[PDB]
Amino acid sequence: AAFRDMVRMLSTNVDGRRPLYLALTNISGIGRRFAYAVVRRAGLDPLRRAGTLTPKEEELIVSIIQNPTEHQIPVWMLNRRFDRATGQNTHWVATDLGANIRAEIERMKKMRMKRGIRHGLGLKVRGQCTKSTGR
Amino acid sequence: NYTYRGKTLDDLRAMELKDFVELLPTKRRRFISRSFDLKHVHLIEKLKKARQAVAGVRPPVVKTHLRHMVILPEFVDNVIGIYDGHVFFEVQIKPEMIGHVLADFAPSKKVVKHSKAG
Amino acid sequence: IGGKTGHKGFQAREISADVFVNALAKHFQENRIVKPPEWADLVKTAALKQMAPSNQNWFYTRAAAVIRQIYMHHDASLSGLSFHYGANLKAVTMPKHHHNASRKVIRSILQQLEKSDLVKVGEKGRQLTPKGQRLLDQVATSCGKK
Amino acid sequence: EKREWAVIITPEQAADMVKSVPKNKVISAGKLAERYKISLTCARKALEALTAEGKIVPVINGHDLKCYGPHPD
Amino acid sequence: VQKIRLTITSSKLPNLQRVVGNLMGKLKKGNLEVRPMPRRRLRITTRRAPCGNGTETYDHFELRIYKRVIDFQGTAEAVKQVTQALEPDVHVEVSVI
Amino acid sequence: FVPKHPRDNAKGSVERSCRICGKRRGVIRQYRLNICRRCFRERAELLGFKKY
Amino acid sequence: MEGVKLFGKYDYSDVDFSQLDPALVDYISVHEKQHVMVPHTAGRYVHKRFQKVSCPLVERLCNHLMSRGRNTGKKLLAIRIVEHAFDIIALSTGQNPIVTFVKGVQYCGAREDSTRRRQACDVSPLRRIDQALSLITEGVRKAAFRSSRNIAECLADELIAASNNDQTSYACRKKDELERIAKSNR
Amino acid sequence: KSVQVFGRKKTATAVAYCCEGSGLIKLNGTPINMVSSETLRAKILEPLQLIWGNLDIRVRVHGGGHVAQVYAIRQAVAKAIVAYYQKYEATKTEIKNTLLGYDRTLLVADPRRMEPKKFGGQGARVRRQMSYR
RNA sequence: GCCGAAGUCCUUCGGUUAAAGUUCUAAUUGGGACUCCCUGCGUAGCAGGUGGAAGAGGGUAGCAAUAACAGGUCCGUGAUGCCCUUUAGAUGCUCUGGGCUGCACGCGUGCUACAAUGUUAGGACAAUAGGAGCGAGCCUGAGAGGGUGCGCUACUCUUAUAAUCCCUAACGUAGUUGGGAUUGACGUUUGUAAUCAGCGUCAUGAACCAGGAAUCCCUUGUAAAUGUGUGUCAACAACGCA
């Protein structure tokens, strides 16, 4: 056991003994598709275990997910893109998402939009029936 | 602190409807391309007139049936009587309610409140 | 017993399909025929697919397969190829349906092949040229010896 | 229960697998993960390491399952 | 001379087989040289009860379409005479090729 | 008269009614029949449809 | 019709049915007609009662190992698994598979059973080799479900111990419960 | 010398076509080694293992799926060998006996076809599921 | 048999109003199976067997007596008796908008799963329908989509190289590359309208480790799995009929 599991990076603690692009999925905001796009563009091997990744290599992967548009990415494959407030396409990650999505729910309640009500009441929003299902 | 697409309140008012609709959601610029004319034009005529007459108090209500109009910066801070199929429900417009469907703020149904047994 | 031909040497029909198509994939990576596109590399083969391909050199093994499948059906359209390389749609709660492949990935190849003259266009779909079906029976006698 | 094996092959256990694996007449990845307490992803890649060097031929090359033997010269 | 096709269509087979006999019969008299297409079942499957009551039972209504094609070389003089059968629920499209 | 709501591609267009029925509850559009089913099955043998 | 051998590997020359025992062998279906190159066949075996005897025995296993609800049909899958048993059987022990197979089909299916007090009836030889193949294959999938191990192996683990009469086996454990229940009720 | 006969399972139909030649048997445009399975390789050759060095057979197919398309070819090979010896009789009756000893499907074929779907149910004979009470 | 392309001495493709046909394809007229045949059992018939494409109503459907249920339908009808409505501030008809989709909860039919007999990635055969709407081929875009509109009044042209299965890899018994609900945003099509429609994209990554007492369907090309058409339809199938 020269290597380390339980590796802390980007405010989460992603797993080791778990092959890289699945390991980066433990972060909120990088998922299975975008994780492959980082590693492919990292660019190394998806299969290699997050056991290893020697810190000079790891410092690359954090620079990619923070600066995606910059690092040779199409932008269609981004978490936010064209945000109304900033009017700019950059994609959210880590502990931000759980706090920053909450604002986009909170602002609906202040407006009294139809969505903002059904978040507050704890019901289904998108136009599902709730006669029988959801109890 | 308010921006729409990294653009403040008055420069959205300055740039007019034609360039504005380049940066609505692509659900919504379909409604501007197809089926904008006549019914819609009267609205922003009438929401100009109630806005002009005011200057502390907020203006008189501009009643309207049609629920499926985009909210634009041009009519911010008007009052609108929006029909629920029942009553013209009245909403003073905020900056955060830009670029949305006008129906959303007239909810057609009651919340519920469940009682009792049966 | 086993099937036996005439004609001594090997042809594109004869040798097995899993083997032949990968030998013809290698025969583009050495020669610089086809090339990779540069825009692509992250794209799903088809919208229905849930992830990118594993192989990273996947572009060529597709580009081999289409030339193999122009050979076996003589004509090959784009919309005919798109229907072929699709599959069932796996995720959603409903029952599963056949959706099509991407067009652009397949179009990119069939233009890149007509640079090095391996497939002419014609009436109906595209049909491979005298240069083209020669290149298959090069590789048939490469893997026929093996 | 939570019967967790392990993702790492150690330098000690490699010296064991040279001795006792080629003694077995037919053995798969499945039966390594019984004895040496390891993941099958490693136990597949251990056998394909041994066959490239010397000893250990695949008895069956079939897709899905694989099962390795001795090396009769 | 503009080798002409008949195309004979029907609902019912006995009513068809009269017309085929006549239009084959008349090419014996005129002496014009004489050269079955696959039949369709137009299945419409209505629920037979009017209301929603009762066990869901379904009548099947096949309309059948028998279709034959005679054709021959013929000089416009001879063909006017042959065309003129007149049966219930039979059709005869004439087609020049 | 002349009802002003468009009804181009719509369930209560005047083409879409049972021709005999004058009502649209359960319409058979296939083969351009445009006939209501209860209306159909009274008078299906006249049209040349049959049970087999 | 000179070699005549299963999967193009094994032969039926062996298997000494006379040698195996008295009775039981008859409904075994390994007698010449039964031998075939591949156990796959166009069956017409469910038409009239005893026609199940005249089919090959190795096929009859591949049908049992077709469950449940996902593996229904897909016989062409099952005859890979039974192949990849019969490699593991042959190349481990060095016996050929068909001899050690039919010994498994002998000793699984219990003599006697509780006919619904409850009374202990005897069995037909037909119903023995039926409830051989069930209680083998039941144990295989019950073991193989969730187990990180290929079912071809988990067949071969079951199938060796059925021949040697061990209480490792899900077959030969479950008979000694069922046979003792018949002895108790009686 | 040439004979042209068919096999048929389920809704496969495979025609074969004997000539004189030098022991070539050819599915579609290719030798019947190449079916890519290892089960269904050995299934098509069951006719030939029992019993053609004169003959040259040329087989074409449509219909069915993967399995029933093979079972047509076993009919079409075996019947075309038997139909060759019948035309071109002593030896035909005894080589045909070797097939009918093995299995009846190599000459006869089977007439079973799928039962039509009936209303009130998802298939032919199944019905949906009752409630009561 | 001709003329092509490769192979490069005889193998495989594509084309052909060009000579002979009918094994596949299409559909009309007839033939065919009757317990006739043999052996057992009890004349009526029954059980097994040979042959036979098929053997016991050849398989599956369709049609289906008399006698009734105050079962259903006046929301199918220019089928209809009576009652009231026509006081037009109509229970006639029609326009804008909203409902039938509202949710502490209880039941019915279904769908997708709980994985390794698997999923992921790459590679390698159907039938029945429908279509003056289907929509060929070729360009454009990651994708959905978009533009141009060849053939077909259809065994000719078109929806249309189906999916389990098969063969090479990856994974490794974990609520895990199992599972894909619920939510945020962007990219679009159909439409007078998307506010409760469908499709795409990237993120979010839930309950579920095979289900108590109970209950349902099924005997052979049947069950179960596995897709494809069609009905409704501008758009939308987890449903019905095939």
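cryo-EM is the method the PDB entry states for this structure, with the resolution given as 3.35 Å.

Named according to the PDB entry, chain G is 40s ribosomal protein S5-B, putative originating from Trichomonas vaginalis. Under its PDB record, the entry appears with the title "Small subunit of Trichomonas vaginalis ribosome". In UniProt, chain G has this text filed under Sequence similarities (unreviewed entry): "Belongs to the universal ribosomal protein uS7 family."

By the naming in the PDB entry, chain E goes by Ribosomal protein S10p/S20e, putative and is assigned to Trichomonas vaginalis. Its UniProt record, at the heading Sequence similarities (unreviewed entry), says of chain E: "Belongs to the universal ribosomal protein uS10 family."

Novice: How would you summarise the overall build of chain G if you had to cite specific residues and measurements?
Specialist: Counting its secondary structure elements, chain G contains 7 helices and 4 strands. Element order for chain G, N to C, with α for helix and β for strand: β-β-α-α-α-α-β-β-α-α-α. What you see for chain G is a C-alpha radius of gyration of 16 Å, in line with the 16 Å of a compact globule of 186 residues. Seen through its principal axes, chain G has C-alpha atoms that stretch 55 × 40 × 35 Å. A buried classification covers 45% of the 186 residues belonging to chain G. Accessible surface computed for chain G: about 10,400 Å², of which carbon and sulfur atoms make up 47%. A distance of 10 Å separates the average location of the 30 positive side-chain charges in chain G from that of its 22 negative side-chain charges.

Novice: Can you break down the protein's contact with RNA strand I residue by residue, with the values?
Specialist: Lining the immediate environment of RNA strand I, one finds 229 residues, of which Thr26 and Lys109 of chain B, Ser102 of chain C, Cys21 of chain F together with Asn71 of chain G sit closest. The contact atoms of RNA strand I, taken as those within 4 Å of the protein, divide so that sugar and phosphate hold 73%. In this structure, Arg135 of chain A approaches RNA strand I through a side-chain N or O atom, which is 3.1 Å from a base nitrogen. Along the lines of polarity and charge, the residues of the surface near RNA strand I split into 73 nonpolar, 71 polar and 85 charged.

Parameters at a glance
Residue labels here follow a simple count from 1 along each chain's written sequence instead of the entry's numbering, which may differ, and residues missing coordinates are not shown. Chains carry letters from A onward and ligands carry numbers from 1 onward, assigned in written order. Reported quantities concern only the chains on display, which constitute a fraction of a larger assembly. The basis for every side-chain value is the complete set of non-hydrogen atoms in the structure, without hydrogens or water. UniProt positions are given in the numbering used here, feature names are shortened, and annotations may be inferred rather than shown by experiment. Strands here mean DSSP runs of E at least two residues long; helices mean DSSP runs of H or I at least four residues long; both are numbered from the N terminus. Using C-alpha atoms as the atom set, the radius of gyration is obtained and then compared with a globule rule of 2.2 Å times the number of residues to the power 0.38. Only protein chains enter the calculation, and the probe is 1.4 Å; a residue is then buried if its accessible area is under 20% of its type maximum, exposed if over 50%, and partly exposed in between. Here, Shrake-Rupley sampling with a 1.4 Å probe gives the accessible areas, and only protein chains in the shown set may cover a residue. Counted charges follow a simple rule, with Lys and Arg positive, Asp and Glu negative, and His plus the chain ends left uncounted. To locate a charge, the coordinates of NZ of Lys, CZ of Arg, CG of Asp or CD of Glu are taken. Here, proximity means that at least one heavy atom of the residue falls within 4 Å of the molecule or strand. The term polar contact refers here to a pair of N or O atoms within 3.5 Å; inside protein, the definition further demands a hydrogen-donor-capable atom paired with an acceptor-capable atom, and it admits residues adjacent in sequence only when both atoms are side-chain atoms. Basically, the charged four are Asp, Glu, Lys and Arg, the nonpolar ten are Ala, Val, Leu, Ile, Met, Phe, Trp, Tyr, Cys and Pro, and anything else, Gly included, counts as polar.

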